[PDB]
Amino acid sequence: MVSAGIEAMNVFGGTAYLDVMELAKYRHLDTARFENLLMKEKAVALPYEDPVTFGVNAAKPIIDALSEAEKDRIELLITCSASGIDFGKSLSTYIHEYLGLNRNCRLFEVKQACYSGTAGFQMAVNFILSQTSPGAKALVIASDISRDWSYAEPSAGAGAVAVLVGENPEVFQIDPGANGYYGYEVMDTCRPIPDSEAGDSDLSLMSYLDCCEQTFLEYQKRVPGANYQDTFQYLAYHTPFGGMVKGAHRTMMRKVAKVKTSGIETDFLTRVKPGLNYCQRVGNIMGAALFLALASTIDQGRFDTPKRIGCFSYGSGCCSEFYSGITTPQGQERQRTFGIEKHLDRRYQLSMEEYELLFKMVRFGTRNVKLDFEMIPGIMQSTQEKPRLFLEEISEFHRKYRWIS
């Protein structure tokens, strides 16, 4: 009865960020409202980045750490996004090429707003559990770029998280069948126009919270004895902003309760706040948000002994899922190697003049364009860690990328 889940995972939260407290000042936000979001930085995608670049840059460090043998066992590549490049051609075609994966691989894209990431990972888990290809691995990459409204801008991020799924899952071993999924059609938020978003913030909030409770109810119906306090040493949630998550943890704890106010903040600090650390520095990364909170929990939390982590996923539209897995001290050590924090520390800080120039070329249907890596001369020269991918040009709709450092 084979084990399944995460062998390795890595975050790319942009090559550039904005200080979102400075942004609030510039935009004149109500102090209390802005501070209640609980956000500090957002990644900002540049004209020569796209979801392929963002995805390759997240997965590259995983792939570089693997042997040849291991790399050739990746046989499922799934890109989860709401930032598609084509109605038909998936991001996974380009990601596969520039990662140098084996041609013996299924490649496709999965879509369901912010739930995409989980949909991907669940399907990759069932591939491993199915033993249709003994020894094989899957790579799931959630990659999204952003494109009531005044208060959204400080959380509107860009990011990607790449997750390698396999038969030796030290980072996050799933509890198999321990899943409460739940969905129904609601028009809370959508992307009906290319390069554009729409939605009803009060509705999204209600549906998120309704799904947070139903998903757990469903999990419990499948996992007798499941106790929202006792079973899980940490909790990770889909994090569109920190304040949303703090609100929902409070709601859940009162619903499965007999606790005090101070018991609720206590539980927040122990089990939840570790997961919000990276989320606060990247923004809402949509499909990849829960993965980012999960990575955050694993890097920032305490793993002296194995811990069970409870995960809640939500996407607009809507679908959701609660599931759980165990993280070992060894998995925590492996994640340390990627240096996610260190990477986030090295991004280039935009000024408000730089950022206002972008917040107002590479539109979704672009047929030909050549890009200039000097459109902000600092950035490229600024940081030069390892090779990163950038969009160099589109000709006849074909996108061509290049390695730089």
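In case it trips you up, residue 1 is the first one in the sequence shown, and so on.
Enquirer: With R147 and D148 adjacent in the shown sequence, let me know how many deposited residues between them lack coordinates: none, 1 to 3, 4 to 9, or 10 or more.
Expert: The entry leaves 10 or more residues without coordinates here.
Enquirer: Could you settle it for me: does 79-87 or 245-253 have the higher average Cα B factor in the PDB entry?
Expert: It is 245-253 that shows the higher mean C-alpha B-factor.
Enquirer: Can you tell me whether 196-204 has a higher mean C-alpha B factor than 115-123 in this record, or the other way round?
Expert: The entry gives the higher C-alpha B-factor average to 196-204.
Enquirer: Go through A43, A58, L344, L357 one by one and give the residue whose Cα B-factor in the PDB entry is largest.
Expert: That would be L357, according to the entry.
Enquirer: Per the coordinate record, which of the options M361, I340, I62, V52 holds the highest CA temperature factor?
Expert: Highest C-alpha B-factor among the listed residues goes to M361.
Enquirer: Quick check on the deposited entry: does the C-alpha B-factor of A8 sit in the lowest, middle or highest third of its chain?
Expert: As the PDB entry reports it, the C-alpha B-factor of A8 lands in the lowest third of its chain.
Enquirer: Among the chain's modelled residues, which third holds the C-alpha B-factor of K273?
Expert: As the PDB entry reports it, the C-alpha B-factor of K273 lands in the middle third of its chain.
Enquirer: Among the chain's modelled residues, which third holds the C-alpha B-factor of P154?
Expert: For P154, whose C-alpha B-factor we compare with every modelled residue in the chain, the answer is the highest third.
Enquirer: Consider only the C-alpha atoms of the modelled residues in this chain, order them by B-factor as the entry records it, and name the third containing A138: lowest, middle or highest.
Expert: Lowest third.
Enquirer: Compare the C-alpha B factor of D267 with those of the other modelled residues in its chain, then answer lowest, middle or highest third.
Expert: Tercile = middle for this residue's CA B-factor.
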